[PDB]
Asks: 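First the structure, which I've put down as structure tokens, then a few questions once you've had a look.
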Amino acid sequence: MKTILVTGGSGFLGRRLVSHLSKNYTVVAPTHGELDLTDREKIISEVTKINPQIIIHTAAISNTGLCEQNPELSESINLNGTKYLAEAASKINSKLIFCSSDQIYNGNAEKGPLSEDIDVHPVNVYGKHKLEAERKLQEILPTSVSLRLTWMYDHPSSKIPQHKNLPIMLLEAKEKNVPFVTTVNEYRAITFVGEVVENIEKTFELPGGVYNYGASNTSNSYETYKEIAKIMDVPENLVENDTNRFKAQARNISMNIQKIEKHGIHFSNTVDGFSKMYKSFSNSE
Amino acid sequence: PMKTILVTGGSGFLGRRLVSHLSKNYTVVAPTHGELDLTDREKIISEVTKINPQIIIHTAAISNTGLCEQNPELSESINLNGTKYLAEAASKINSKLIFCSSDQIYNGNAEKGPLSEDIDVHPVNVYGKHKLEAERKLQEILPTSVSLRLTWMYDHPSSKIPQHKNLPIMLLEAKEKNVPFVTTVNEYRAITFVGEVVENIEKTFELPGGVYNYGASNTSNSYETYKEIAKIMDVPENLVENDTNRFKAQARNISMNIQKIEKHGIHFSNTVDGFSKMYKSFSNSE
């Protein structure tokens, strides 16, 4: 009975991973109050007591100032946490699955889908800290797996609660009649959480390294979201194209996913991924 | 007859300490996220009109986005949402809104010394940019609204009221694990005991609308200030390392000039004296 320790059960992906993997795995999903990650002594011993075969780390690899009333805003590397999770994992040869981000690509100036071997230099704090976590998971845990995830979504009529993501934002533009702003200077994919969650068992056997993980997309955000809005019966004129955003240089974070296609892991593209699972779903509309 | 205050963020660090302070002198309504959703313009307008508070203290953070559940939409747009709607609800009932801003709006500034509210600012992080835009929107919609620029705060390490790891607790952990707490001579920041921020809050209610630097003062760098705070706490002086690498291009100066509010009779202690003052307050003599 393999034991899966999930750090980040409270989050959007964490809470959905726990529900799916509680079928055939024992899932131990503690709260940040239950399991202070920066307490090395505690995390080493608690990891050893649970003795998990697989660790899926989704918890905040540091954070900005928002979400808190009294934040420090040191704006240093603020790593640790995963470092202690890493050494605890190495002690019992655990398989660590880090939830990374395609925002690592957001500084790249190349066009078309980007591969995992291409030199990266993100521009915002989120991309910088995710990349730094990747590099350090590698040197301490060579067998560890880094999945660069995209902006994601559940069906907008889902039972599992979720904060505002794009399917909800397009529906709200329909009700309030205020248009949702986007741009042609953005190339990004959005992946149904179900495909991310359903493919997650296949990653357990992957050799250690960095893997692009999510939907593909060759279209820009403005073209993509019109296609999605047009599926949801959302007026066309409700999705606007602001040429000012990313004017200095386009944000291209569309991933080439052939590395995981070799290992039999498939994601559909962004448009046909949304449509298939908008229709498949048992929501009458 | 007794004034009524609507406090948002009633569970957070500052919000919970404001509710506790005011509950005996006012009718304080501190609704949870389930009781009052800040992303909903329709709902905000409906509740504030019914509660009809004379004073609204907005301390809550925008915790209702995808960033806070680690599924972020990382646009430059930094949408206000909740803070903008609160202002509109207040305009219609004529409520005096008090907003929790931040001194981090000064972190881009290149000037030296304590900075006043009337200078040209340009923050370089996301916290400063969201907070400054919140002020800009509030002074447009609510001329009477008051925006208090707070500092990084701290309660006592041994107070039974919870908090996240702030300065005084990190220096104790340094002593425990013999890990040097790293700081820098390139940072000019003040920190304030929350008790001084909270017992002066009643004075701000009368203040004319505008921006007011609201917190402790500091005339020296973080390294020297954290060394002083170390020696008072009886933690060893070797555990305060100054990493001069941090803030190489432009030193972070968020020292605040509180000269505006002290003309209105609002006095704050400085960083060092204020700490010893509360540190001596705790545990009364037998």
Side-chain angles (χ1 to χ4, degrees), chain A residues 8 10-15 33 36 38 40-41 58-61 64-76 99 101-103 106 124-127 149-154 161-166 168-169 172 176 181-183 186 188 190 193 221 242 244-246 251 253, chain B residues 9 11-16 39 41-42 59-78 100 102 104 107 124-131 150-155 162-167 170 173 182-184 187 189 194 243 246-247 252 254:
Chain A
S10 48
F12 166 90
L13 200 67
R15 72 170 83 100
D36 173 35
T38 188
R40 176 189 187 285
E41 290 92 38
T58 73
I61 309 299
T64 57
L66 201 41
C67 318
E68 273 180 22
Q69 266 175 50
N70 195 40
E72 172 176 20
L73 273 53
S74 59
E75 294 188 354
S76 62
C99 279
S101 166
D102 53 0
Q103 289 285 323
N106 72 15
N124 65 7
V125 160
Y126 190 65
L149 301 162
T150 78
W151 193 23
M152 284 164 52
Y153 65 85
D154 203 350
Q162 50 180 320
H163 293 160
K164 291 203 184 305
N165 45 34
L166 183 133
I168 300 166
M169 297 168 176
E172 280 196 311
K176 194 167 179 272
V181 165
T182 178
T183 178
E186 199 176 53
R188 92 189 291 184
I190 65 170
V193 65
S221 288
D242 187 0
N244 275 326
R245 319 183 54 235
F246 307 114
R251 193 203 286 305
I253 60 186
Chain B
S11 306
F13 178 87
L14 179 57
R16 78 183 292 135
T39 63
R41 155 177 297 177
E42 157 77 29
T59 82
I62 295 290
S63 175
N64 41 12
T65 46
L67 169 68
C68 300
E69 71 184 0
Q70 292 91 51
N71 187 46
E73 176 214 19
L74 286 153
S75 64
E76 321 100 323
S77 286
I78 193 63
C100 284
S102 163
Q104 283 280 331
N107 55 24
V124 291
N125 69 357
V126 65
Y127 199 76
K129 280 159 208 197
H130 196 61
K131 290 292 180 176
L150 321 176
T151 81
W152 174 223
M153 299 198 265
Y154 67 94
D155 201 349
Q163 54 182 336
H164 274 66
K165 284 162 146 288
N166 43 49
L167 174 57
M170 308 177 127
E173 274 204 336
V182 181
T183 177
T184 175
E187 188 179 57
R189 155 146 72 174
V194 191
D243 173 19
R246 303 147 168 242
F247 306 103
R252 184 157 269 190
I254 61 184

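Because only heavy atoms are used, hydrogens play no part in the values below, and waters and symmetry mates are left out as well, while side chains stay in. Lettering of chains follows the sequences in order, A, B, ..., and the numbering in each one begins at 1.
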Asks: At what distance, to the nearest 0.5 angstrom, does OG1 of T65(B) lie from NZ of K164(A)?
Replies: 11.0 Å

Asks: Quick check on the interface: out of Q103(A), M169(A), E75(A), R251(A), who has the most heavy-atom pairs with chain B under 4.5 Å?
Replies: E75(A)

Asks: Restricting to non-hydrogen atoms, name the atom on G65(A) and the atom on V126(B) that form the minimum distance, rounded to 0.1 Å.
Replies: N-CG1, 4.4 Å

Asks: With side chain to side chain contact (heavy atoms under 4.5 Å, CB included) as the criterion, how do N70(A) and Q163(B) come out once you've worked through the C-alpha distance, each side chain's angles and the decisive distance to 0.1 Å?
Replies: CA-CA 9 Å; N70(A) 195 40; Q163(B) 54 182 336; 5.7 Å; no

Asks: Could you tell me which portion of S74(A) (side chain, backbone, both or neither) has an atom closer than 4.5 angstrom to a non-hydrogen atom of chain B?
Replies: backbone

Asks: What part of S101(A) gets closer than 4.5 Å to chain B, counting heavy atoms only: side chain, backbone, both or neither?
Replies: neither

Asks: Would you mind checking which part of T150(A) comes under 4.5 Å of any heavy atom in chain B, side chain (CB onward), backbone (N, CA, C, O), both or neither?
Replies: backbone

Asks: Side chains of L74(B) and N124(A), heavy atoms from C-beta outward: is any pair under 4.5 Å?
Replies: yes

Asks: Side chain to side chain contact (heavy atoms under 4.5 Å, CB included) for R188(A) and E73(B)? Distances and angles first, verdict last.
Replies: CA-CA 11 Å; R188(A) 92 189 291 184; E73(B) 176 214 19; 4.1 Å; yes

Asks: Does the side chain to side chain contact (heavy atoms under 4.5 Å, CB included) test come out yes or no for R245(A) and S77(B), once each step is laid out?
Replies: CA-CA 9 Å; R245(A) 319 183 54 235; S77(B) 286; 3.9 Å; yes

Asks: I need the minimum non-hydrogen distance between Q70(B) and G11(A), along with the two atoms involved.
Replies: OE1-CA, 4.0 Å

Asks: Please find the pair of heavy atoms, one from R15(A) and one from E69(B), that lie closest to each other, and give the distance.
Replies: NH2-OE1, 3.0 Å

Asks: I need the residue from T59(B), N107(B), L14(B) with the largest number of non-hydrogen atom pairs under 4.5 Å to chain A.
Replies: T59(B)

